[PDB]
Amino acid sequence: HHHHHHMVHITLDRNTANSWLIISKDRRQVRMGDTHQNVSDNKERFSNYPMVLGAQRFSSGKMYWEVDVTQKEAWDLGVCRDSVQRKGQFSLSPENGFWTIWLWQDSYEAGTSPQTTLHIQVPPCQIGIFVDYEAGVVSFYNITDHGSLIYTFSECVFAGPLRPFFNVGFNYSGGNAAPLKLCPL
Ligand SMILES: Cn1ccc(C(=O)NC[C@H]2CCCO2)n1
């Protein structure tokens with residue numbers, strides 16, 4: 001792919017984070033804490049899952065960023081509507097305003113309804129995310145495997161401003177403590 005030149009500098013929005021997340025001072029890394037991180041509750045925070053949004057809002061153009069997932073067992077990544085539900089249980093689907101992929105139990109899947117099996121020969125350590133707002137496209141790339149395509153959502157109906165979306169996953173196993181990191185441009 002030749003999307004690197006649409007690179008954007010993403011930072012995480014503390015105010016949207018689940019109350020157990022720890023966001024680094026530079027707002028470029030997030031991990032699961034072992035307890036509540038001593039913040040007040042607010043209507044923006046994801047309550048049920050270890051999720052957080054980027055601060056940036058996109059309503060036009062082409063955007064590209066990269067995320068480091070090294071040594072994680074579980075995570076979700078992509079974009080979502082600014083108006084997605086924050087509280088209670090929900091599925092990651094385009095009907096609910098999410099365009100995402102994930103790792104779970106040694107398999108990679110795209111957040112369609114129902115979910116789609118991904119075919120990855122080289123487990124990725126870094127994921128590239130490309131959004132073309134006007135075209136209605138969200139694509140995922142395997143940076144570890146020379147940028148190979150993972151998945152394309154096309155005919156997307158964004159229906160609002162988009163925000164970068166992250167889920168660090170639970171750490172019931174003790175094997176999923178590692179952070180998500182936004183990689184330098
Ligand atoms: C499950 N559910 C429905 C609505 C809410 C909500 O807004 N909670 C946030 C807090 C902290 C201050 C006000 O309430 N949570």
# chains A, B, ... in the order shown; residues from 1 in each chain; ligands from 1
>>> residues_around(residues="range 165-179 of chain A", least_positions_apart="6", cutoff="9 Å", atoms="only C-alpha atoms", output="PyMOL selection string")
chain A and resi 21+29-34+49-54+68-80+98-100+102
>>> residues_near_ligand(ligand="ligand 1", cutoff="12 Å", atoms="only C-alpha atoms and all ligand atoms", output="list in words")
residues 15, 16, 18, 19, 39, 40, 41, 42, 43, 44, 45, 46, 47, 48, 85, 86, 87, 88 and 89 of chain A
>>> residues_around(residues="range 146-155 of chain A", least_positions_apart="6", cutoff="7 Å", atoms="only C-alpha atoms", output="PyMOL selection string")
chain A and resi 1+118+136-140
>>> closest_residue(among="A:183, A:82, A:159, A:107", to="residue 7 in chain A", atoms="only C-alpha atoms")
A:183
>>> closest_residue(among="A:20, A:90, A:108, A:158", to="residue 58 in chain A", atoms="only C-alpha atoms")
A:158
>>> select_by_dssp(residues="range 32-62 of chain A", states="strand (DSSP E or B)", output="PyMOL selection string")
chain A and resi 32+51-54+58+62
>>> residues_around(residues="residue 110 in chain A", least_positions_apart="5", cutoff="6 Å", atoms="only C-alpha atoms", output="ChimeraX atom specification")
/A:101,115-116
>>> closest_residue(among="A:134, A:156, A:161, A:81", to="residue 62 in chain A", atoms="only C-alpha atoms")
A:134
>>> closest_residue(among="A:17, A:131, A:8, A:185", to="residue 162 in chain A", atoms="only C-alpha atoms")
A:131
>>> atom_distance(atom1="CA of residue 142 in chain A", atom2="CA of residue 106 in chain A")
16.1 Å
>>> atom_distance(atom1="CA of residue 59 in chain A", atom2="CA of residue 25 in chain A")
27.3 Å
>>> residues_around(residues="residue 113 in chain A", least_positions_apart="4", cutoff="9 Å", atoms="only C-alpha atoms", output="PyMOL selection string")
chain A and resi 91-95
>>> write_last_selection(atoms="C-alpha atoms", output="CSV table (one decimal), in the first residue's frame")
chain,number,residue,atom,x,y,z
A,91,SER,CA,-21.4,-5.7,19.9
A,92,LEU,CA,-18.8,-4.1,17.6
A,93,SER,CA,-20.6,-3.8,14.2
A,94,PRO,CA,-21.2,-1.2,11.5
A,95,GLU,CA,-24.9,-1.2,12.6
>>> atom_distance(atom1="CA of residue 12 in chain A", atom2="CA of residue 55 in chain A")
5.5 Å
>>> decode(residues="range 94-131 of chain A", atoms="N, CA, C and O atoms", output="PDB file, in the first residue's frame")
ATOM      1  N   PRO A  94     -20.864  -2.459  12.234  1.00  0.00           N
ATOM      2  CA  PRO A  94     -21.191  -1.209  11.544  1.00  0.00           C
ATOM      3  C   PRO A  94     -22.591  -0.698  11.896  1.00  0.00           C
ATOM      4  O   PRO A  94     -22.761   0.545  12.034  1.00  0.00           O
ATOM      5  N   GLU A  95     -23.539  -1.603  12.146  1.00  0.00           N
ATOM      6  CA  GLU A  95     -24.900  -1.158  12.580  1.00  0.00           C
ATOM      7  C   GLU A  95     -24.810  -0.339  13.873  1.00  0.00           C
ATOM      8  O   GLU A  95     -25.627   0.585  14.103  1.00  0.00           O
ATOM      9  N   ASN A  96     -23.887  -0.662  14.788  1.00  0.00           N
ATOM     10  CA  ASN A  96     -23.705   0.091  16.054  1.00  0.00           C
ATOM     11  C   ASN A  96     -22.668   1.206  15.914  1.00  0.00           C
ATOM     12  O   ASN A  96     -22.398   1.885  16.926  1.00  0.00           O
ATOM     13  N   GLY A  97     -22.144   1.484  14.720  1.00  0.00           N
ATOM     14  CA  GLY A  97     -21.202   2.592  14.524  1.00  0.00           C
ATOM     15  C   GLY A  97     -19.725   2.267  14.687  1.00  0.00           C
ATOM     16  O   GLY A  97     -18.951   3.193  14.911  1.00  0.00           O
ATOM     17  N   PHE A  98     -19.330   1.002  14.499  1.00  0.00           N
ATOM     18  CA  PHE A  98     -17.904   0.588  14.632  1.00  0.00           C
ATOM     19  C   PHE A  98     -17.393  -0.103  13.366  1.00  0.00           C
ATOM     20  O   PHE A  98     -18.120  -0.999  12.863  1.00  0.00           O
ATOM     21  N   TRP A  99     -16.162   0.207  12.964  1.00  0.00           N
ATOM     22  CA  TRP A  99     -15.446  -0.456  11.841  1.00  0.00           C
ATOM     23  C   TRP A  99     -14.113  -0.920  12.404  1.00  0.00           C
ATOM     24  O   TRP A  99     -13.186  -0.088  12.550  1.00  0.00           O
ATOM     25  N   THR A 100     -14.056  -2.211  12.785  1.00  0.00           N
ATOM     26  CA  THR A 100     -12.984  -2.703  13.689  1.00  0.00           C
ATOM     27  C   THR A 100     -12.532  -4.107  13.247  1.00  0.00           C
ATOM     28  O   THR A 100     -13.303  -4.820  12.613  1.00  0.00           O
ATOM     29  N   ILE A 101     -11.323  -4.458  13.676  1.00  0.00           N
ATOM     30  CA  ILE A 101     -10.847  -5.870  13.677  1.00  0.00           C
ATOM     31  C   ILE A 101     -10.390  -6.165  15.110  1.00  0.00           C
ATOM     32  O   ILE A 101     -10.151  -5.237  15.903  1.00  0.00           O
ATOM     33  N   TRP A 102     -10.167  -7.442  15.357  1.00  0.00           N
ATOM     34  CA  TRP A 102      -9.705  -7.853  16.692  1.00  0.00           C
ATOM     35  C   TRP A 102      -8.938  -9.144  16.642  1.00  0.00           C
ATOM     36  O   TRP A 102      -9.017  -9.948  15.710  1.00  0.00           O
ATOM     37  N   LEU A 103      -8.195  -9.330  17.754  1.00  0.00           N
ATOM     38  CA  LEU A 103      -7.576 -10.619  18.120  1.00  0.00           C
ATOM     39  C   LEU A 103      -8.288 -11.142  19.362  1.00  0.00           C
ATOM     40  O   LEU A 103      -8.458 -10.388  20.320  1.00  0.00           O
ATOM     41  N   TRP A 104      -8.613 -12.435  19.363  1.00  0.00           N
ATOM     42  CA  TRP A 104      -9.272 -13.101  20.508  1.00  0.00           C
ATOM     43  C   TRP A 104      -9.016 -14.592  20.409  1.00  0.00           C
ATOM     44  O   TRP A 104      -9.331 -15.170  19.353  1.00  0.00           O
ATOM     45  N   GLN A 105      -8.425 -15.190  21.458  1.00  0.00           N
ATOM     46  CA  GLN A 105      -8.234 -16.664  21.488  1.00  0.00           C
ATOM     47  C   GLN A 105      -7.555 -17.138  20.229  1.00  0.00           C
ATOM     48  O   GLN A 105      -8.021 -18.162  19.627  1.00  0.00           O
ATOM     49  N   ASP A 106      -6.443 -16.527  19.880  1.00  0.00           N
ATOM     50  CA  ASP A 106      -5.567 -17.013  18.797  1.00  0.00           C
ATOM     51  C   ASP A 106      -6.251 -16.918  17.425  1.00  0.00           C
ATOM     52  O   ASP A 106      -5.696 -17.482  16.478  1.00  0.00           O
ATOM     53  N   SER A 107      -7.356 -16.202  17.279  1.00  0.00           N
ATOM     54  CA  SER A 107      -7.912 -15.936  15.917  1.00  0.00           C
ATOM     55  C   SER A 107      -8.140 -14.434  15.697  1.00  0.00           C
ATOM     56  O   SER A 107      -8.460 -13.674  16.663  1.00  0.00           O
ATOM     57  N   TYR A 108      -7.955 -13.994  14.466  1.00  0.00           N
ATOM     58  CA  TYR A 108      -8.218 -12.586  14.070  1.00  0.00           C
ATOM     59  C   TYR A 108      -9.549 -12.554  13.328  1.00  0.00           C
ATOM     60  O   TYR A 108      -9.806 -13.417  12.474  1.00  0.00           O
ATOM     61  N   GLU A 109     -10.401 -11.575  13.644  1.00  0.00           N
ATOM     62  CA  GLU A 109     -11.731 -11.439  12.995  1.00  0.00           C
ATOM     63  C   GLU A 109     -12.078  -9.967  12.753  1.00  0.00           C
ATOM     64  O   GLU A 109     -11.727  -9.103  13.569  1.00  0.00           O
ATOM     65  N   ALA A 110     -12.817  -9.717  11.671  1.00  0.00           N
ATOM     66  CA  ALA A 110     -13.376  -8.399  11.386  1.00  0.00           C
ATOM     67  C   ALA A 110     -14.740  -8.289  12.050  1.00  0.00           C
ATOM     68  O   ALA A 110     -15.566  -9.229  12.046  1.00  0.00           O
ATOM     69  N   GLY A 111     -15.006  -7.120  12.641  1.00  0.00           N
ATOM     70  CA  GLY A 111     -16.241  -6.765  13.360  1.00  0.00           C
ATOM     71  C   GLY A 111     -17.415  -6.518  12.441  1.00  0.00           C
ATOM     72  O   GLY A 111     -18.040  -5.489  12.515  1.00  0.00           O
ATOM     73  N   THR A 112     -17.718  -7.422  11.538  1.00  0.00           N
ATOM     74  CA  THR A 112     -19.000  -7.438  10.823  1.00  0.00           C
ATOM     75  C   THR A 112     -20.052  -8.139  11.684  1.00  0.00           C
ATOM     76  O   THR A 112     -19.691  -8.719  12.714  1.00  0.00           O
ATOM     77  N   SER A 113     -21.310  -8.167  11.250  1.00  0.00           N
ATOM     78  CA  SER A 113     -22.370  -8.884  11.989  1.00  0.00           C
ATOM     79  C   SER A 113     -23.011  -9.907  11.053  1.00  0.00           C
ATOM     80  O   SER A 113     -23.673  -9.533  10.090  1.00  0.00           O
ATOM     81  N   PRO A 114     -22.722 -11.215  11.195  1.00  0.00           N
ATOM     82  CA  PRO A 114     -21.806 -11.750  12.193  1.00  0.00           C
ATOM     83  C   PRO A 114     -20.346 -11.548  11.760  1.00  0.00           C
ATOM     84  O   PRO A 114     -20.082 -11.120  10.629  1.00  0.00           O
ATOM     85  N   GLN A 115     -19.428 -11.834  12.669  1.00  0.00           N
ATOM     86  CA  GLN A 115     -17.996 -11.531  12.477  1.00  0.00           C
ATOM     87  C   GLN A 115     -17.400 -12.391  11.347  1.00  0.00           C
ATOM     88  O   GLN A 115     -17.912 -13.478  11.062  1.00  0.00           O
ATOM     89  N   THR A 116     -16.362 -11.867  10.713  1.00  0.00           N
ATOM     90  CA  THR A 116     -15.710 -12.489   9.552  1.00  0.00           C
ATOM     91  C   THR A 116     -14.324 -12.980   9.962  1.00  0.00           C
ATOM     92  O   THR A 116     -13.484 -12.157  10.387  1.00  0.00           O
ATOM     93  N   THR A 117     -13.995 -14.238   9.657  1.00  0.00           N
ATOM     94  CA  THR A 117     -12.641 -14.790   9.829  1.00  0.00           C
ATOM     95  C   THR A 117     -11.606 -14.077   8.971  1.00  0.00           C
ATOM     96  O   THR A 117     -11.849 -13.878   7.747  1.00  0.00           O
ATOM     97  N   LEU A 118     -10.470 -13.687   9.548  1.00  0.00           N
ATOM     98  CA  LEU A 118      -9.348 -13.086   8.817  1.00  0.00           C
ATOM     99  C   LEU A 118      -8.301 -14.187   8.585  1.00  0.00           C
ATOM    100  O   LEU A 118      -8.267 -15.182   9.353  1.00  0.00           O
ATOM    101  N   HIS A 119      -7.505 -14.027   7.545  1.00  0.00           N
ATOM    102  CA  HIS A 119      -6.496 -15.031   7.132  1.00  0.00           C
ATOM    103  C   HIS A 119      -5.148 -14.364   7.259  1.00  0.00           C
ATOM    104  O   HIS A 119      -4.731 -13.625   6.334  1.00  0.00           O
ATOM    105  N   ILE A 120      -4.501 -14.506   8.388  1.00  0.00           N
ATOM    106  CA  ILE A 120      -3.199 -13.846   8.657  1.00  0.00           C
ATOM    107  C   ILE A 120      -2.131 -14.955   8.853  1.00  0.00           C
ATOM    108  O   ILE A 120      -2.286 -15.797   9.761  1.00  0.00           O
ATOM    109  N   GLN A 121      -1.139 -14.991   7.983  1.00  0.00           N
ATOM    110  CA  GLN A 121      -0.048 -16.007   8.071  1.00  0.00           C
ATOM    111  C   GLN A 121       1.054 -15.507   9.026  1.00  0.00           C
ATOM    112  O   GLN A 121       1.637 -16.347   9.742  1.00  0.00           O
ATOM    113  N   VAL A 122       1.254 -14.196   9.115  1.00  0.00           N
ATOM    114  CA  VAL A 122       2.342 -13.577   9.947  1.00  0.00           C
ATOM    115  C   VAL A 122       1.701 -12.758  11.062  1.00  0.00           C
ATOM    116  O   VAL A 122       1.133 -11.718  10.753  1.00  0.00           O
ATOM    117  N   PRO A 123       1.592 -13.259  12.309  1.00  0.00           N
ATOM    118  CA  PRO A 123       0.902 -12.514  13.371  1.00  0.00           C
ATOM    119  C   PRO A 123       1.466 -11.111  13.403  1.00  0.00           C
ATOM    120  O   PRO A 123       2.654 -10.901  13.541  1.00  0.00           O
ATOM    121  N   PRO A 124       0.634 -10.052  13.285  1.00  0.00           N
ATOM    122  CA  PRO A 124       1.144  -8.694  13.278  1.00  0.00           C
ATOM    123  C   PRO A 124       1.617  -8.179  14.639  1.00  0.00           C
ATOM    124  O   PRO A 124       0.946  -8.452  15.629  1.00  0.00           O
ATOM    125  N   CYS A 125       2.733  -7.467  14.629  1.00  0.00           N
ATOM    126  CA  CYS A 125       3.196  -6.673  15.801  1.00  0.00           C
ATOM    127  C   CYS A 125       2.741  -5.213  15.658  1.00  0.00           C
ATOM    128  O   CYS A 125       2.657  -4.498  16.645  1.00  0.00           O
ATOM    129  N   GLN A 126       2.506  -4.721  14.429  1.00  0.00           N
ATOM    130  CA  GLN A 126       1.944  -3.356  14.203  1.00  0.00           C
ATOM    131  C   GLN A 126       0.927  -3.407  13.058  1.00  0.00           C
ATOM    132  O   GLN A 126       1.185  -4.097  12.057  1.00  0.00           O
ATOM    133  N   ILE A 127      -0.178  -2.679  13.250  1.00  0.00           N
ATOM    134  CA  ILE A 127      -1.374  -2.649  12.374  1.00  0.00           C
ATOM    135  C   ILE A 127      -1.425  -1.231  11.816  1.00  0.00           C
ATOM    136  O   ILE A 127      -1.382  -0.238  12.588  1.00  0.00           O
ATOM    137  N   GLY A 128      -1.613  -1.102  10.504  1.00  0.00           N
ATOM    138  CA  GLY A 128      -1.933   0.181   9.870  1.00  0.00           C
ATOM    139  C   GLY A 128      -3.412   0.305   9.563  1.00  0.00           C
ATOM    140  O   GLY A 128      -4.039  -0.674   9.189  1.00  0.00           O
ATOM    141  N   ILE A 129      -3.984   1.472   9.893  1.00  0.00           N
ATOM    142  CA  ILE A 129      -5.429   1.757   9.697  1.00  0.00           C
ATOM    143  C   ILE A 129      -5.554   2.924   8.728  1.00  0.00           C
ATOM    144  O   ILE A 129      -4.967   3.977   8.968  1.00  0.00           O
ATOM    145  N   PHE A 130      -6.278   2.708   7.654  1.00  0.00           N
ATOM    146  CA  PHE A 130      -6.524   3.726   6.601  1.00  0.00           C
ATOM    147  C   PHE A 130      -8.017   3.984   6.514  1.00  0.00           C
ATOM    148  O   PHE A 130      -8.838   3.062   6.389  1.00  0.00           O
ATOM    149  N   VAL A 131      -8.388   5.265   6.567  1.00  0.00           N
ATOM    150  CA  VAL A 131      -9.790   5.719   6.397  1.00  0.00           C
ATOM    151  C   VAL A 131      -9.882   6.684   5.209  1.00  0.00           C
ATOM    152  O   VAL A 131      -9.172   7.680   5.157  1.00  0.00           O
TER     153      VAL A 131
END
